[PDB]
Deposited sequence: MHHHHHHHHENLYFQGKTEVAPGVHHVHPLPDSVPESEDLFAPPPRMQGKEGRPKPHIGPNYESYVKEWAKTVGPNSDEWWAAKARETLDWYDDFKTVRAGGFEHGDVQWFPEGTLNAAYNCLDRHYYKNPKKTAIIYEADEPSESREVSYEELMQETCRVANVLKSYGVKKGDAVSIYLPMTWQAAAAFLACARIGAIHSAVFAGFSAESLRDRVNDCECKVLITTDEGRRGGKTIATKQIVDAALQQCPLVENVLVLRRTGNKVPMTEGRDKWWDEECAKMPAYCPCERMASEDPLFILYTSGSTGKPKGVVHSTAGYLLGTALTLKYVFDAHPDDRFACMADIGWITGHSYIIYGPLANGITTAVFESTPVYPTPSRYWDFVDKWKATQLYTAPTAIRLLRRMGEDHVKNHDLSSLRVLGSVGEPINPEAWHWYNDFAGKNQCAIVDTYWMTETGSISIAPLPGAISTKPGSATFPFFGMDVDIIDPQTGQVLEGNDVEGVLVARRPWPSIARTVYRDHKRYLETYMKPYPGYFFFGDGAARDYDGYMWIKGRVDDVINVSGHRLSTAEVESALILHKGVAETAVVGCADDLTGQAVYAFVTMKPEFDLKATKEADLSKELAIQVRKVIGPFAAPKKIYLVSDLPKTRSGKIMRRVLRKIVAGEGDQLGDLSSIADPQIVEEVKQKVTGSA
């Protein structure tokens, strides 16, 4: 075989995991929407792509969402000019579909499990309460003169009212622009200025992991260089003293107490913008309304096999696309219960995720490989003595998951009775692009497996620009046709949208990730194209080498980067984080490095061995958990963790 799975300890012949009994409709669990086998996935998926797929999409759109005006055209437009359109004559409102319609059916159903930073302050927020607060905030925004199409910035931490703020903007047709709470005054300022908002929603402070986010102080420093912001609405989350500018700043509770607890829904065109989401110049990714909402609704239902009484626990942050799509929009559109988790995986202790699961009897958990590796670094007794049997599906998103981490997840979070859904997608795709359907697909550790409904993906050889036909091929991932939830533009910079996604391989969407299709047709997403390392013609992916390294005992997490080398073209440089109890004095470091190199050669090949290996306490990571390999690549080529890496490279 040309294409290999990511390195694992389990032989490939013992590494295929069929959907387990909790996803077979046994033990009183819901029967899967799609099952029981690969063929049942294909039979349904084939209706969603190709020249006769309008029928399925029109039916799903009409069955999944409540519309004010029906659409007439299913899809139009394309990559070349970025004029993608779905359901364009239709009208609807995201707030109506995430709140009103469920409130009318069962107003006392829990919409949000609000898991506070302190476990004792947690509570359930009914659909009724969420909708009432959403309408109050909507009424407040309208009283500031916010109109359909205006941008509103949101600088909120992970408290449940973040959902009300998003949905209040959606209710009146304002375009929300959420900024991760804890970004600097400079970074907030850049995003506030770019979207030209006149209103900002924030908190006095946030609380995360027992620490204080000085959100209002950050805001005050940012707004000194934001001439357009006229109104700031401040949620009294801690009640500790914070500065308040007269006229500009008002308290959330005092404003909302003046307003009615209902507010009508603005009737939005399918293609009206729903939100801008900046990704780190900051790219303002724009999603419209109907296709984005339909895509989040469908992926949530089918990738996590959501059923009406489920309690879906996505542990991400609403500042991230993962929080947009699988905390707020996806789960609320489906009318189920969604978690807003305010803390960290290790606060107060690393048992927190599993205390949370057992407390609330969560049925699906969705988190990042960075969190999984973190909890793996902390040992098995924080999870061994938990029930966790309410879970059926375990999700991973954000980066390739090393099969070693996949097994830890499977063994201890799932007790070998959950399906593991490795979900590949991006801010720009709006919703999950490639993922196993848990009641149909037999999983391989580290493989996203098969494309979602509406996704028709190919592998292009970047050295020729041409599509590689068949299986057992590797290259760069591309999509052949638009899908309902694709980002529609980059805010006021459409040329950069076209140049970034539509120009590199004309006729296709370019994800920017390297990928492989193995002999069974399973997709393997192996890292960013920019992070590929070319050693003497051998194009190595980051996930390959990093998965090899973590197979060594004591390794907690690694990152590899390439650097210029006059003999091999490029050479591999590895940064390795060992588990904290590992005895660095008993094992001579020069011996560890040699055993690591030897391990990489066995699984991958002789060329793949690192030229150098740096031992570090941590890697530079974004708030979402992405490893900043571009930073490490530069330090090799000439917050506080980066200064330590530069020092260790000298």
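The deposited sequence has C-alpha coordinates everywhere except the stretches 1-24, 305-308, 667-679, 692-694.
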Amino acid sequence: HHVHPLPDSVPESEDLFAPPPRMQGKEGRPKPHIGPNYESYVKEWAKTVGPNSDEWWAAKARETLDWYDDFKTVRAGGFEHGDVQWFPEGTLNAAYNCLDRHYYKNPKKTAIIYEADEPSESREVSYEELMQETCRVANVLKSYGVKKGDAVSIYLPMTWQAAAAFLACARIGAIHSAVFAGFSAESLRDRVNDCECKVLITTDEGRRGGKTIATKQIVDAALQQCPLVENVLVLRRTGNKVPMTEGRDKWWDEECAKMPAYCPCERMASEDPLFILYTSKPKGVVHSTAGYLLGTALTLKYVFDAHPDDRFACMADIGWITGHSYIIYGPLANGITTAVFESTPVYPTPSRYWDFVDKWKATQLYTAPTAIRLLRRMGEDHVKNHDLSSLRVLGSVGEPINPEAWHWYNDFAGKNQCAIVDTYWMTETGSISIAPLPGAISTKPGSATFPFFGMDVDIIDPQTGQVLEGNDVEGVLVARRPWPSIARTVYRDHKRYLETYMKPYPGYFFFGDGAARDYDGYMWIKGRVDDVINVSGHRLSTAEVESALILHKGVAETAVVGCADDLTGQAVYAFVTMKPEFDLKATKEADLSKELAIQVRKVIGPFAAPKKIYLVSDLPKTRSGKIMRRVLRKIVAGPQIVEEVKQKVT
From here on, numbers count along this sequence of modelled residues.
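For clarity, a rigid core is taken as the largest C-alpha set superposing within 1.5 Å between two forms.
Displacement analysis by core superposition in 7 other deposited structures of this protein ranks 372-380 above the other of 453-461 and 372-380 in root-mean-square C-alpha distance from the shown form. The segment moving more, judged by mean Cα distance from this form in 7 other deposited structures of this protein after a core overlay, is 407-415 among 155-163 and 407-415. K585, though modelled here, lacks coordinates in at least a third of the other entries of this protein that were compared and that model residues flanking it.
For the two regions 299-307 and 350-358, the entry's Cα B-factors average higher over 350-358. Checked against the record, the higher mean CA B factor of 160-168 and 336-344 lies with 336-344.
Residue set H33, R62, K47, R601: peak C-alpha B-factor at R601 (per PDB entry).
Of the candidates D317, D194, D472, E121, the one whose C-alpha carries the top B factor in the deposited record is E121. Among all modelled residues in this chain, the alpha-carbon of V74 has a temperature factor (C-alpha) in the lowest third. Per the PDB record, residue ranking by Cα B-factor puts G210 in the highest third of the chain.
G395: CA B factor lies in the middle third for its chain, per the PDB record.
In the deposited entry, the Cα temperature factor of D117 sits in the top third of values across the chain's modelled residues. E499 sits in the lowest third of its chain by CA B factor, as recorded in the PDB entry.
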